[PDB]
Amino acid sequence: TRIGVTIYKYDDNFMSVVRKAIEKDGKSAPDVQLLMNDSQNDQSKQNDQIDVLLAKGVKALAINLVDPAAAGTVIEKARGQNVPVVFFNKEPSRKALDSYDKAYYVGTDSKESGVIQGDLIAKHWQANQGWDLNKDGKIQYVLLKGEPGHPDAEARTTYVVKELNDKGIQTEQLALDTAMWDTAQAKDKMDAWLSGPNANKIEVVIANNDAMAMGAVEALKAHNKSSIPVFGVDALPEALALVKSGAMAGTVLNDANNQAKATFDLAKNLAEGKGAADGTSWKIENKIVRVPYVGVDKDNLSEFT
């Protein structure tokens, strides 16, 4: 039973955790062979890789899209051989998922991590009045965003601020830009902000993920401004270490193990012509599985590392 798998780019920290977990599942299944592909952050490369997989005769595809909007294209490729597709990590439109009897998605409730992140920030903000550098009762923040259009970048960005505001904490956006989930790009964007006229007004750094938080931490260090708190999402090992050291104030566990597990289980079942959830406890709703996030910081760090 051969299963084709595309990872939008191996360079991506969190998808690295997910990929290795999926591979472990594959190694362990004596009956399954995974054909692993690095799409190198290029959807056209991914589309070509999918053609090759289907030419080689896979029984299922597990696809981590470069561009969420290419779901329809990928589905139409898979339809040619009636191959099931389990999309994961970047959610297609409901319209695209609904276009095929055998298109599934494994992910998260995107808004949830923004809400959890906003609650962590609110908690530390209240506990650390010194953070309010200009004493106006508001958080002056900058935000490092994920890929524009990515449902998680959009949700995390919207809901982190909405949650703070709903909890009665007013906020002011000094700047926002995308660092595309990437550590190095984030370092450069944070560097620029620390080198501009608004430098000394920045009170909190909000990042849509840990990789970008990590870039900001490096930049803060280069500028002698490590007193500015940094929040992320994912709970990468490296980020958990920064939480322990106080170089990050909080993050959110993105459950790579269960997302990898559900992706593999559904793909394998569908490869065999079985119901997607056969022999599992997954709750599939309109062909979608979602795995909870959990907040992590100094106060509960012990439960994760």
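Sequential numbering from 1, following the sequence displayed.
**Q** Test of understanding: from the entry's C-alpha B-factors, which stretch has the higher mean, 216-224 or 115-123?
**A** Comparing 216-224 with 115-123, the higher mean C-alpha B-factor belongs to 216-224.
**Q** As stated in the PDB record, which stretch has the larger average Cα B-factor, 293-301 or 10-18?
**A** In the deposited entry, the stretch with the higher C-alpha B-factor mean is 293-301.
**Q** If you compare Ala70, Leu54, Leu253, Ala267, which has the highest Cα B-factor in the entry?
**A** Across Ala70, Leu54, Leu253, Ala267, the entry lists the biggest C-alpha B-factor for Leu54.
**Q** Highest Cα temperature factor in the entry, among the options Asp188, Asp234, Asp98, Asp132: which one is it?
**A** That would be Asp132.
**Q** Rank-wise, by C-alpha B-factor, drop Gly273 into the lowest, middle or highest third of its chain.
**A** Tercile = middle for this residue's CA B-factor.
**Q** Which third, lowest, middle or highest, does the C-alpha temperature factor of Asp42 belong to within its own chain?
**A** Its C-alpha B-factor, which the entry lists for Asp42, ranks in the middle third among residues of this chain.
**Q** Relative to the other modelled residues of the same chain, rank the CA B-factor of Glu203 and answer lowest, middle or highest third.
**A** As the PDB entry reports it, the C-alpha B-factor of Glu203 lands in the middle third of its chain.
**Q** Mind checking which third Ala155 falls in for C-alpha B-factor across the chain?
**A** It belongs to the lowest third of the chain when residues are ordered by C-alpha B-factor.
**Q** For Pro84, return the chain-relative third of its C-alpha B-factor as stated in the PDB record: lowest, middle or highest.
**A** It falls in the bottom third of the chain.
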